[PDB]
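Enquirer:
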Ligand SMILES: [Ca+2]
Ligand SMILES: [Ca+2]
Ligand SMILES: [Ca+2]
Ligand SMILES: [Ca+2]
Ligand SMILES: [Ca+2]
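In UniProt numbering, the protein residues as written are 20 to 66, 69 to 199, 206 to 480.
1. Helix, strand or coil, according to DSSP, for residue 286 in the structure here?
2. Is the beta carbon of residue 455 sitting closer than 9 Å to the one on residue 424?
3. Near residue 435, what residues of its chain come up, given a Cβ to Cβ distance below 8 Å and the 5 sequence neighbours on each side ignored?
4. Confirm the yes/no value for this check: CB of residue 360, any heavy atom of ligand 4, distance under 8 Å.
5. Short check: CB of residue 118 to CB of residue 73, under 9 Å?
6. Could you name the residues of the same chain whose beta carbon sits closer than 8 Å to that of residue 259, not counting the 5 residues immediately before and after it, in chain order?
7. Taking 8 Å as the line, does the beta carbon of residue 386 fall inside it for any heavy atom of ligand 4?
8. Could you give the uninterrupted runs of the beta strand (DSSP E) lying entirely in the region 333–382, keeping only those of 3 residues or more?
9. Are there 16 or more other CB atoms within 10 angstroms of the CB of residue 128, so buried, or fewer, so exposed?
10. Do you know offhand how far residue 158's Cα is from residue 186's?
11. Examine ligand 2 and report whether any of its heavy atoms sits within less than 8 Å of the Cβ of residue 245.
12. What is the residue span of the alpha helix (DSSP H) that residue 256 lies within?
13. Looking only at DSSP bridge pairs, what is residue 133 linked to?
14. One question on the structure: do residue 216 and residue 42 come within less than 9 Å of each other, judged by their Cβ atoms?
15. What's the C-alpha gap between residue 173 and residue 373?
16. Tell me whether residue 413 is buried or exposed, calling it buried when 16 or more other Cβ atoms sit within 10 Å of its Cβ.
17. How many whole angstroms separate the CB atoms of residue 224 and residue 189, which I take to be in contact at a CB cut-off of 8 Å?
18. Using the three-state DSSP reduction, which class does residue 142 fall into: helix, strand or coil?
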């Protein structure tokens, strides 16, 4: 058996696992399976400069044969829409190798896009065509007394997501499946928790973004969307290859990645081209569960299944909030700051920098490889009597034999201290080989009682 602390960690790094099992009776699809699913039409924009350069035009006047569409009264895009449309395009252009330049159909471009608003409710809230049809690149939006959604698009609302949705469609992605309901979906993760393309809400899959009466929709391409658009046009590695901070104190320069308040509802998927990165959810007071695993999910800002790191992305640091959080790292050096409260931190691979912050924080180790002597973890703010080092994942509650020197017997551990630099160190002999095979260094005293194993 392990401790409760560990289980919470193991369970959360498995809570969102996809593939090879049934969920709600429907098969579970790994992102790759969903990237296939979402691009099953074979429709796409063509290229051999290895990049797609699309141009677009907010239509000023109705095109030839416009009246025969039955959409009623043609209207031009407002400044608000144009401004939101541009953020949407951009959000797509960041993850995949595609660019959208405002301008008329050119001789040297890979296709042209057009945005316009109609008035007759017969048309539908909005629609777009696939990149291989005759009306390719177009997308129309309904706007009348009875339907005001597309009137004021802004971060968080469906008016904006509708733009991210329609653009994804014109780019080549299709709705997850073909009065239908989520019962009729081909797979489990067919919710707007995984794709902006889905017709179903996060509650079908268990996630919780908002309560009754309020709306919440991710402005930018979610998890599956990025994989699918990247499958089509390749990942854009040059975007944010610098040192990006996401969430609070963000340096992402994107509205959907920005938080400045405790009430903020963040629903996003992190895409980044390199550098050393941080997910800072420090401004939050609710219990969070941040997972730094590529393609994994987090429960952020009082919500659940709302944040994720895109498949094939490395995010090195996490900053929880003042709640009892959980921080799960990757195989890389991680600076994991619990921030404040009673949280559990899991470094994982490599030598991590762990900060428990105030409160009685737990640092958990599941492998000997997590904290080896030749590349060990460091708990900078270790407070004895309150904090605790969990090794139950490795010892299974078999205990350790605290000694001053290694006796070549397995389970022999040594708590050392160096007052003249406030530093302790937990050393262990899991193999009983006579020497250390696990080491954790602290700043602040670590007592033998502060160990759980
Ligand atoms: Ca970066
Ligand atoms: Ca804390
Ligand atoms: Ca915390
Ligand atoms: Ca790590
Ligand atoms: Ca580690």
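Cβ coordinates follow ideal geometry from the N, Cα and C atoms, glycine included.
Expert: In short:
1. Indexing the chain shown from 1 puts residue 286 at position 259. The DSSP-derived three-state label of residue 286 is strand.
2. Translated into the one-based positions of the chain shown, residue 455 becomes position 428. Translated into the one-based positions of the chain shown, residue 424 becomes position 397. Taking the C-beta atoms as reference points, residue 424 is found no nearer than 9 Å to residue 455.
3. Start at 1 with the first residue of the chain shown, and residue 435 comes out as number 408. Excluding residues within five positions, the ones whose Cβ falls inside 8 Å are 456, 459, 460, 461.
4. Sequence index remark: in the chain shown, residue 360 carries index 333 (1-based). Checking the Cβ of residue 360 against ligand 4 gives yes.
5. Within the chain shown, numbered from 1, the residue matching residue 118 stands at position 97. Within the chain shown, numbered from 1, the residue matching residue 73 stands at position 52. It is a contact, given that the beta carbons lie within the stated cut-off.
6. Here residue 259 corresponds to residue number 232 of the chain shown, with the count starting at 1. For residue 259, the CB contacts under 8 Å within the same chain, skipping 5 residues up- and downstream, are 58, 63, 117, 192, 193, 194 in chain order.
7. Numbered from 1 along the chain shown, position 359 holds the residue referred to as residue 386. No, since every heavy atom of ligand 4 falls outside the 8 Å radius drawn around the Cβ of residue 386.
8. Listed in chain order, the complete beta strand (DSSP E) runs (minimum 3 residues) inside the region 333–382 are 334–336, 344–346, 353–355, 362–364, 371–373, 380–382.
9. On the chain shown, position 107 is the one that residue 128 refers to. Label assigned to residue 128: exposed.
10. Locating residue 158 in the chain shown gives position 137, counting from the first residue. Locating residue 186 in the chain shown gives position 165, counting from the first residue. Rounded to the nearest angstrom, the two C-alpha atoms are 13 Å apart.
11. For the purposes of this step, residue 245 is taken as the residue at position 218 of the chain shown. Residue 245 Cβ: outside cutoff for every heavy atom of ligand 2.
12. On the chain shown, residue 256 is found 229 positions in, with the first residue counted as 1. For residue 256, the uninterrupted alpha helix (DSSP H) run begins and ends at 250–260, by DSSP.
13. Position 112 of the chain shown, counted from the start, is the residue given in the question as residue 133. Bridge pairing for residue 133: 76 [DSSP].
14. Position 189 of the chain shown, counting from 1, holds the residue named residue 216. Position 23 of the chain shown, counting from 1, holds the residue named residue 42. Residue 42 is positioned such that its CB atom lies closer than 9 Å to that of residue 216.
15. Stepping through the chain shown from its first residue, residue 173 is reached at position 152. Stepping through the chain shown from its first residue, residue 373 is reached at position 346. Taking C-alpha positions only, residue 173 is separated from residue 373 by approximately 43 Å.
16. On the chain shown, residue 413 is found 386 positions in, with the first residue counted as 1. That one is exposed.
17. In the chain shown, the residue the question calls residue 224 occupies position 197. In the chain shown, the residue the question calls residue 189 occupies position 168. The pair is a contact, with the Cβ atoms about 6 Å apart (cut-off 8 Å).
18. Here the question's residue 142 lines up with position 121 in the chain shown. Correct three-state label for residue 142: coil.
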